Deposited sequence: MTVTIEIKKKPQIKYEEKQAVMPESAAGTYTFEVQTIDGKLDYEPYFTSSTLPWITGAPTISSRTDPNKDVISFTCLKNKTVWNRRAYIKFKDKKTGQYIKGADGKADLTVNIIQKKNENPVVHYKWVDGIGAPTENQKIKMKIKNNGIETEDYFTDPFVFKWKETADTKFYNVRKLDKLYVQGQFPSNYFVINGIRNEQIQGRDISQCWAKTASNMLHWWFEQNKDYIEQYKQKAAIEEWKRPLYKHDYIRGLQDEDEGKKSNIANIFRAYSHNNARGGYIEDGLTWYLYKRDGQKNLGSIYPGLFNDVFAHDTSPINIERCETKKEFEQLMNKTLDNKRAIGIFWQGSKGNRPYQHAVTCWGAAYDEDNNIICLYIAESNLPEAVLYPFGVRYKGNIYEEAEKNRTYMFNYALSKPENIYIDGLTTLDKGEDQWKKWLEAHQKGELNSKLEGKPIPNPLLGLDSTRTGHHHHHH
């Protein structure tokens, strides 16, 4: 009497559709019918209902194994594993090489028709359908990314986000104006500013434009009530001119021009939070960041009352908690990572029906178009039984082979409403 065995060609994944259902695969039964029991390697996987079972043994050559899945609402494949226990010995059955356990890889396919909702940074509106631009797949082929959340948000006269671009990247030698980089400075001096490594400053400038717009009425009062230092008076405005051609980027943003003319362009880079501090209040660390120190609202804010925060994330739970808190608190968003420290601005996020964050809409100062670009959000480990670390990779749809960008954290800028309120109540009490 030969011992019956089971076999399965492991290179064959079992791939159920995204729909809910009971799905099957076949296990070969050799020399009879082994007494075994299938088991998922994790029993707490929420999208699998119960254990797998042997649902038919009528064919002498094969067993049918069944398992039941919930609908995959997400835009990612998801993975489970089935092993088999010999019921007499209690031991896991060996695979073809005789050493590894026999393991069947289950990969339930993604939702091809997700319902997506969006959350944008407070005060910048939301894209109209006419402002959403589909994206060609690059290798530019004539294929397009076809998932609805993959769009560029085109800047127009009517859009309210900010995306200041690096003049060093836009510049075409011999075609752009020779004076493309010239800036008229605070003392009406002419300065040539370069921005090739100023990712951090472009991100700070975008956030500062948003902050000056949000706090426009407070800043008007501040200019009328504070004893402003004479040289700083021209800095209490923000001009961001939409509709300019690339050759005119030097005229587009007074804030970006201040960083370009008076900060540094060190190839190591800088930090978003340092640019934000430098613009808004005095701190000893930023003493030598530039050749001037704007510190425009030190009467309102100090480091103790700071509207700037820095937080890190290393899991899907950490990233999503941070993003949702920031978006629900009317804060602007800078994203950083070590690549030199890289920095971009985030203006919003796309969500699937499970509230997973699936895409970010990014002002990238290194990228050429006057648009926000979609950066897809992906994970390499399980998102149901999360490991100690599950980095939130970012996928640049615009690039022809997108290297993985592990988000390190978020530098955020709050409106500072309580601080502004306390400042204003203090002046009216003295009046």
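Asker: Can you list the gaps, numbered from 1 on the deposited sequence, where no C-alpha is modelled?
Answerer: Unobserved in coordinates, per deposited numbering: 1-7, 147-149, 350-355, 448-476.
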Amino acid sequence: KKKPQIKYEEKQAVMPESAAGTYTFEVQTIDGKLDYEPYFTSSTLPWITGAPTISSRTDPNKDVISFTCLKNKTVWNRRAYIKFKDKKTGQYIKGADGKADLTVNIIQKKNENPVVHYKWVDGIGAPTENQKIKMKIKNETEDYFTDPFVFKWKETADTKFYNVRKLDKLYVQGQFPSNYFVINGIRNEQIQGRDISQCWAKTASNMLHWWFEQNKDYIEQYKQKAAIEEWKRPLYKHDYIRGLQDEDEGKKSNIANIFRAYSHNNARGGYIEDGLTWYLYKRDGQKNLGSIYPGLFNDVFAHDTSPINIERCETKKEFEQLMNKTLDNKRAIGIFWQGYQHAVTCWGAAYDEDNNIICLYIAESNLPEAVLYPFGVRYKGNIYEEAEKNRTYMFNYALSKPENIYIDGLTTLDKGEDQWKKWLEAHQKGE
From here on, numbers count along this sequence of modelled residues.
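Asker: Check the entry's C-alpha temperature factors for 313-321 and 74-82, then say which stretch has the higher mean.
Answerer: The recorded data point to 313-321.
Asker: Between 172-180 and 354-362, point out the one with the higher average CA B-factor as the PDB entry records it.
Answerer: Averaged over C-alpha atoms, the B-factors run higher in 172-180.
Asker: Using only the C-alpha B-factors in the record, can you name which of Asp217, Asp239, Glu189, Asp246 has the highest?
Answerer: Across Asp217, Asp239, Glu189, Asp246, the entry lists the biggest C-alpha B-factor for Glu189.
Asker: Per the entry, which of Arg283, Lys134, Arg260, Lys232 tops the list for Cα B factor?
Answerer: Out of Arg283, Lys134, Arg260, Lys232, the record gives the largest C-alpha B-factor to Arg283.
Asker: Divide the modelled residues of the chain into thirds by Cα B-factor and specify which third, lowest, middle or highest, holds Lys62.
Answerer: It belongs to the lowest third of the chain when residues are ordered by C-alpha B-factor.
Asker: Which third of the chain does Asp143 land in by C-alpha B-factor: lowest, middle or highest?
Answerer: It falls in the top third of the chain.
Asker: Among the modelled residues of its chain, does the C-alpha B-factor of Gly50 lie in the lowest, middle or highest third?
Answerer: As the PDB entry reports it, the C-alpha B-factor of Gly50 lands in the highest third of its chain.
Asker: Would you check the entry's CA temperature factor for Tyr397 and let me know if it's in the chain's lowest, middle or highest third?
Answerer: Middle third - that is where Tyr397 ends up once the chain's C-alpha B-factors are sorted.
Asker: Can you work out whether the C-alpha temperature factor of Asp414 puts it in the lowest, middle or highest third of the chain?
Answerer: Lowest third.
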